[PDB]
Each structure stands twice: as structure tokens, then as C-alpha cells.
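Residue numbers (full-length UniProt numbering), protein chains in the order written: chain A, 14 to 467; chain B, 10 to 467.
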């Protein structure tokens, strides 16, 4: 077993929200054996010195687009609404793919770099989707991302994405980029059969992810609702982005939420991205249905969308998680850094009611337990006996963190760097001293850089 | 020439912010003493005593933080101040400053070490000049605060401006300034004249400068503003004050029956010697007047968001041709000194205010300019903020070859929009290499952390 000893602070996010000081975490294989003071090192093969660190559950990124790693900091996409952004991302991925520059060898290596960045930022589980890569499926994209994740040892959920409603039938998508519904459904059945690991501590899982109400056919939503029931997998889609209420009313004469109810998606199998602008009246309905919501602050701001009613969701008892989205709308995979954006950006909306503002601890919970719940993982997101040994630790003794009174608030509110010190996934140490212990960082950077489309 | 020049060779990208906004690729910077001697491709290494490999780095002028409160390094991540409005925030900070100092826990030995830690952090974040002020520490002057912070700065070799702050209008006359802690105008003036004599280095490339900073219109006597307007003319020092924070307009009207701008105008502060903090909620019609006066404004995104104040109309200031710089403020309202990191906050947070006019959103290049040449202009330093022959050799560089920056197409936008870390790779101030390979060259990092941590009030 592995013992991390003398951690300065341990934040568990267990049912009592217990935190500990100068405490240990004991690990046996995939699972946490104990969390407490002065644990025995009896059957321990190795003791890691945790002194001067804060430990959390591994961060869980509820929303990536790994292929967008190749699309960072493009000047033409710096300041663009949603429509210009979407057009520019789609045409680039289509152009690159057609030209032969975005094949599975390329996607695998882009995924490897972004997933390694993820580990380095304390992220132990990533859920990747590919809504804005039309050729994704013809490109064996998911096979490649899973190979990269498996190689690195990061816990991984692959969301099979699509755009099945063409521009001719009113889709914001356009006919070029559109697969037949049966094609999507068939492929999804195959991926579940091949890759899904439904057991506790499973390291790869498949989810089903139409891009959204404006982008996919109702028949696809209904197909996936049946499939999720029959195979016990989760459902994901984007939700209440600013143009959606109007597009939904025009196509279907109902709100996005009523559409979801009609087509089987008002259930506890579902997590929803963004949720920026729902009608307030529907919020209690979200809660009763048991849907989960992922807060994605960075793209909400980047696209000019604004502030999701996160306080209201928490008030309602709705599960709230956290994500970065892809690097074409972030443009990094730094989940911890993005928490600070949310911590600050929500405040001016309630200038005289600071009790409404999201707190550091609320935000860290979103990035761990809340995201775990989004992905339907009761085995993750919590440091307690019996959960998975997915752990992220940051040093507190840097010169940029002198004077910090509360280390949890400190993680969000201070620092020159969000680099994790020690990262464990599935009981394997993958980062120590801010550096990968199994992956060759320099070689990956070189290999991936030579493959970025130019 | 020299025989002891430094050549930084083959930088991947160099952003000059010169009058032509020139950028260079695979280019060099040549340094002789405190000044830059050349910027361009394949510079000669004849007179060079040392060559630094710039390959894989982007080089900027050194970042300039127009607004620190170094004493607040001791006030980070305090639970009771996490979510508070200005009123509760101000009370909490003043209470601790006054309490700690009163109890003997905040003497010059403590201040020196807190300052040393936060200034070393600033260097590690690519910041080569810091302007520090102390409005929310009433005992600062009695405490020899500015002597301690100048000692820390000069030990580190970071370029430093010390703003002598005050709260001269007592509670009695309707100020936050508490009658037990209000300094007579002449005592403040005399203290400032003394600091100028002892410390001010008005020559080009000077490493310590003094500025004059009343906390603001709701906080100080008109006599002080006038006294300072006179000193600025006599000594060519800069004037600074806070400007159009929420509620300022109401307070000015109650005290003087005019706007804070009108007040400043009346008392000689509507000039080109002046820089102004925050500037969140001015009346729109006064903006062209700010422009005509030639005042400069520092954008302080982190505390504006933290306090729930919101978005200063920065696009409007740029449109009007007003100089805009950037600062972090103190670590009680940030709570870090990470200027580069705060740029991303501003890049993103301004956008939802203009959801359908992306042309109004602040660009990465505009934000980096604020944090360099813009802040330089705020501080009255034509010798800084630009990578160009003749200017100071204050340079900050970041590596571009990290796994977290793979796929970046424009490295300037990348500096704002990507990364797990804002740590600078190579930092040069006044021609001295102070950080290289992300590590201090001269400063003892472990020792400083140990010493400062032991001295934080407990």
C-alpha cells in the first residue's frame, strides 16, 4: 500500500465536509483504505511526505474537447460571438480532416498533451466530447482519445457526440456536417460494447452526447434515452445557451427543457452543460427531475454569454459540477485556474448581497464531488475509505502563498501557478514534484507539436 | 560601448510595444549596463560578456504593477473577508492593520519581510516595477513603512515606486479616517519632502521614486490635494488617488456639492502629472474631460470584481485616447500579486457587457500593453515599458514550449489565454538578471519564505 503522511490540510468533501490537519491518506491498489491522523505504515510499500501540502479529491473536468488543443490562441477566433466561433472551429476541423492533417495519429497525440496538462493541473478524471469535429467518427477519434488516456493512466469518460440536424431542416449545424441518426446510434452501441467499464473504479466509460436541441434530431434524443436505460450509461447535452430558447420555440414550439422532458431526458441519468439562461420557473423542475449541471465559466465569459444562475441551482439542491470546455474556447485545460474566474466574476451580479456569491469551498466541491455526480461516479470526488484513490495535492509553502490564512481559499485566490505537486489516479502516482513520473514530458511536447496542423 | 554587455539570443517572439507596435521573430536583445542597446535579428556579440539562449521564449517589456499594498501580503485568504462589500472589507483591513500595529506585531522588521516576499513573487511573475501604496494601514508613517519596503525592494533589485498615502479628513468632518488616526496636512507634507530628499532618483533609469497619494476625495482634505499639486510641480513627482469607486459621487456631493472630478479639477489635480485608481463609475460626459486633462487611469480588474463593483469602461477610455495601465492592488483584495494572471480575468470578464459587439472587447495585445507601456505612462516613466534602444533593460520572458501551451498559434494571445502557470522564465531589471529558469538568481527563496512566514501576525 501507499501512505501519504503529514498532509498539512486534507479536504474530504465527505458528507460532514470534514477537513483534517497534519493527517494521512492510506492507499491500497485502486482504493483509499483510510483518512486520518497517524495512520499505520505496517503494510506500506512506500510513504510519501505530505508535509506542506493541501490534499483534495482529484479534480474532475466534466467537459473537454481534446481535439481543440490544436486550436489555441488563433487570432481570428480571439473576440467572436458564438456563431462566428462555431463556424471558424467547424471549418478548421473539417478542412484539416479533409486535407489529411487531422488523422487518428494526430488526435491521439493532441489528446495525450492535453490530458497530460490535465494531470499536471491536478485533474484525475476527464470527460471528453467532440461536438465541433464533424469527421470525428470517420476519424476513429474516440479510439484514439481512449488510447492516449489509457497510456497516461488518467481516468476517462468518452462522450460520443454528434450534430444530426442539418441546416436544411433548421439546424445551426449545416448539412455538410451531419450523420444519419442510425449511424450515430449503431456506432454508440459498438463503443459501449468495446470500451465501457461499468464496475466501481472503472477507468474508461462511454456516455451519449447530442450537441443540443438546436443541433440534433428529436429521434436521436429518444434513441439515446432508450440506450442509456438498456446499457446503464449517462446522457449529456448542452443546455440553455443564449440562442437556444428561440431556436427551440421556432423548430418545436417549446422550451429546451420541455423538449428534453418530451424526449426522455428529464431524468437522473443526465448532466447538462452551461445552463446559462433558463427561465427561473423551470429551475425547481430541474431539481425534481434529478438532472445535473456543469458550470463552464470560462467559455460563458469568452463568448459574451454571462453568468449562469449557480446560486439558484445550489439553493434548489441541483448537482453542480465544473468544466473547462475545449481549448478553442478557454483556451487552456486549467480547471483550478478557471475556479478563480467564477469566484470573482459572479460577484458584480449581486453587489450588495455577498452571501449569494460562490465561495472557494463551494467551487472546489463543484470541481470534485459535483463533477463526480455529473458523471455518475459515486466512487469518485471524495477522500474517504472505500472511494477511488484519485488524489490531487498542491504545495502551500511557496513564496507566492506566504500570508495565506485559509489554504482552501488560498488555492483559488492566490498563486503564480496552479501546477499540482502530487497526483494519484487509481492508486498510481502519476505526478510528483510537479512532474510526470511515468510520462516523458519533453518527448510528448516535441511529438505533439510536430503534428499540430500548419 | 562596454565589454560587459549581455545578449539574449534567438527569442522566438519579441513584443516591443514601440510606437510602431513592432514584433520580431527569432530575434535578439542587447544590453549594456542599465539600458537596452539594440533590438533585432543577428545582433553582434563582439562587446558581449554573456549570451543567453532565448530560444522557445516570448519576450516582453517587464510588467509594471501600478498598484500594490505590500502590507496586505499578511492578510491573504482570511475567511471573514472572503465575501464582503467594500464597507465590511475596509473595516476588516483597517481593524487588522491598526490592531496588529498597536499590538506590536507589525513593526518595520515584519513589514520588510512581508514586502520582500511579495516583491519576490512579483519578480517571479515577470513584474519588474512595482508602485506600492498604504491607504489602509493608518500607522504606516509612524511605523517607518516606506523605509522598510524600500529596503526590501533595493535588496531584491526590483524597480520601485513608493506612494506616500494618507487619510487626512477625520471622522469628525465626515471621513472614514478616524480622529485617532488623522495626520495634520503639514506633517504629511513634511514627511513627503523628507522621503523625496532621502530616496527619490529622478534621473533616467532611477530605481526608487516617490509619489504622492491621498486615498481619495471622500478621505482627504482639499488642502492636501493643493499642497501635493504644488509639490508635484516643485519636484516633478507623480500624483495618485483613487477615482470613481462606487459611492464616491454621493460622498463628494454631500461634502462639496460637486463631482469627484470637479473637485479634482478645482484643486489642481486635472493634469498630466496624475494617475487614478479603478475609475469604475464616472459620469460618461466627464470622460472627454479626463482625456483633455491628460490624466492616466489604472485598471484594477481583480478588486473591482472581488468587491462586486463591476467593469470600468476601459474601452471608452482607450477610445478617448486616455492612458490605461494595470495593477493588482493589495493581497487582501486579490488575493495574489499575479498581474499576468489578472489580465486573463479582464480579457474574459468585460465580454458579457457587450455580448454582440466583440470589437469592443479588450484584446490580449491591448491588455499586455496596459501591463507594460500603459503602467509605465501611469508612473511617469518614459524610460520603461518598451523594448527599444535607449530604454531601460527591464525585460520579462516566458517559455512557450510547455505541454500546456502546445497548439498555441499566437504567443501573445497564448500568454493570456493558456497555461497552468504564469511563472516567468527570465527576468531582467536595470540590466541585472534576477530570475532565470524560473528561479531567483540572487534571492534565497527558501530562507525568505521561512523568515516571512515566522513573522506574519498570529
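Where is the CB? At the ideal position from N, CA and C, for every residue including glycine.
List, in order along the chain, the chain A residues whose C-beta lies closer than 8 Å to that of residue i?
| i | result |
| --- | --- |
| residue 88(B) | 418, 419 and 422 |
| residue 465(B) | 415 and 416 |
| residue 256(B) | Simply none; closest approach about 11 Å. |
For residue i, does the count of other Cβ atoms within 10 angstroms reach 16, so buried, or fall short, so exposed?
| i | result |
| --- | --- |
| residue 50(B) | exposed |
| residue 450(A) | exposed |
| residue 53(B) | exposed |
| residue 391(B) | exposed |
| residue 70(A) | buried |
| residue 263(A) | exposed |
| residue 261(A) | buried |
| residue 242(A) | exposed |
| residue 416(A) | buried |
| residue 324(A) | buried |
| residue 111(B) | exposed |
| residue 282(B) | buried |
| residue 257(A) | buried |
| residue 420(A) | buried |
Residues of chain B with CB closer than 8 Å to the CB of residue i, please, in chain order.
| i | result |
| --- | --- |
| residue 173(A) | Those within 8 Å of residue 173(A) in chain B number zero; the least Cβ separation is about 23 Å. |
| residue 133(A) | 412, 413 and 429 |
| residue 291(A) | Correct list: empty, because the minimum Cβ distance to chain B is about 17 Å. |
Interface residues of chain B around residue i at Cβ under 9 Å?
| i | result |
| --- | --- |
| residue 368(A) | 92 |
In chain A, which residues lie with their C-beta within 7 Å of the C-beta of residue i?
| i | result |
| --- | --- |
| residue 83(B) | 416 |
| residue 2(B) | Residue numbering for chain B in the displayed model covers 10 to 467; residue 2(B) lies beyond these limits and cannot be assessed. |
| residue 461(B) | 415 |
| residue 457(B) | 412 |
| residue 432(B) | 429 and 430 |
In chain order, what residues of the same chain lie with their CB nearer than 6 Å to the CB of residue i, ignoring the 5 residues before and after it?
| i | result |
| --- | --- |
| residue 343(B) | 311 and 337 |
| residue 341(B) | 81, 84 and 102 |
| residue 31(A) | 25 |
| residue 15(A) | 40 and 59 |
| residue 455(A) | none |
| residue 384(B) | 73, 75, 334 and 335 |
| residue 295(B) | 270 |
| residue 435(A) | 406 and 445 |
| residue 35(B) | 19 |
Excluding the 5 residues flanking residue i on each side, which residues of the same chain have their C-beta closer than 7 Å to its C-beta?
| i | result |
| --- | --- |
| residue 317(B) | 94 |
| residue 370(A) | 359, 360 and 363 |
| residue 210(B) | 216, 217 and 218 |
| residue 168(A) | 137, 138, 216, 403, 438 and 439 |
| residue 287(A) | 251, 252, 253, 254, 309, 313 and 321 |
| residue 229(A) | 175, 176, 177, 178 and 223 |
| residue 190(A) | 103, 107, 147 and 176 |
| residue 460(B) | 122 |
What distance in whole Å lies between the Cβ atoms of residue j and residue i, which are believed to be in contact at a cut-off of 8 Å?
| i | j | result |
| --- | --- | --- |
| residue 404(B) | residue 38(B) | 7 Å |
| residue 45(B) | residue 380(B) | That belief does not hold up - the Cβ atoms of residue 45(B) and residue 380(B) are roughly 19 Å apart, past 8 Å. |
| residue 181(A) | residue 143(A) | Not confirmed; about 23 Å, so no contact. |
| residue 196(A) | residue 220(A) | With 8 Å as the limit, residue 196(A) and residue 220(A) do not qualify as a contact, their Cβ atoms being about 18 Å apart. |
| residue 104(B) | residue 409(B) | Actually they do not touch by this definition, with Cβ atoms about 45 Å apart. |
| residue 223(A) | residue 237(A) | 7 Å |
| residue 77(A) | residue 140(A) | 7 Å |
| residue 425(A) | residue 356(A) | 5 Å |
| residue 457(A) | residue 412(B) | 6 Å |
| residue 315(B) | residue 368(A) | Wrong, their Cβ atoms sit about 15 Å apart, outside the cutoff. |
What residues from chain B crowd round residue i, counting only those whose CB sits closer than 7 Å?
| i | result |
| --- | --- |
| residue 126(A) | 412 and 415 |
| residue 74(A) | None at all; the shortest Cβ gap to chain B is about 13 Å. |
| residue 130(A) | 412, 413 and 429 |
Anything in chain A within Cβ reach of residue i, meaning under 9 Å, just list it in chain order.
| i | result |
| --- | --- |
| residue 361(B) | 313, 314, 316, 317, 318, 319, 320 and 358 |
Does the beta-carbon of residue i, which I'm using as the reference point, lie nearer than 7 Å to any heavy atom of the ligand NAD?
| i | result |
| --- | --- |
| residue 212(A) | Annotation note on the ligand NAD: not contained in the displayed structure, which lists no ligands. |
Report all residues from its chain with a CB closer than 8 Å to the CB of residue i; omit the five preceding and five following residues, and keep chain order.
| i | result |
| --- | --- |
| residue 214(A) | 43, 44, 392, 401 and 439 |
| residue 267(B) | 261 and 275 |
| residue 188(A) | 179, 180 and 181 |
Q) Does the region 335 to 348 of chain B come close enough to the region 131 to 142 of chain B that 3 or more CB-CB pairs lie under 8 Å? A) yes
(Q) Can you confirm whether the region 394 to 408 of chain A touches the region 143 to 158 of chain A when touching is taken to mean that 3 or more C-beta pairs between the two stretches lie within less than 8 Å? (A) no
**Q.** Sufficient close CB pairs (3 or more, under 8 Å) joining the region 118 to 133 of chain B to the region 456 to 466 of chain B
**A.** yes
Q. Within the chosen definition, does the region 269 to 285 of chain A reach the region 293 to 307 of chain A through at least 3 CB pairs nearer than 8 Å?
A. yes
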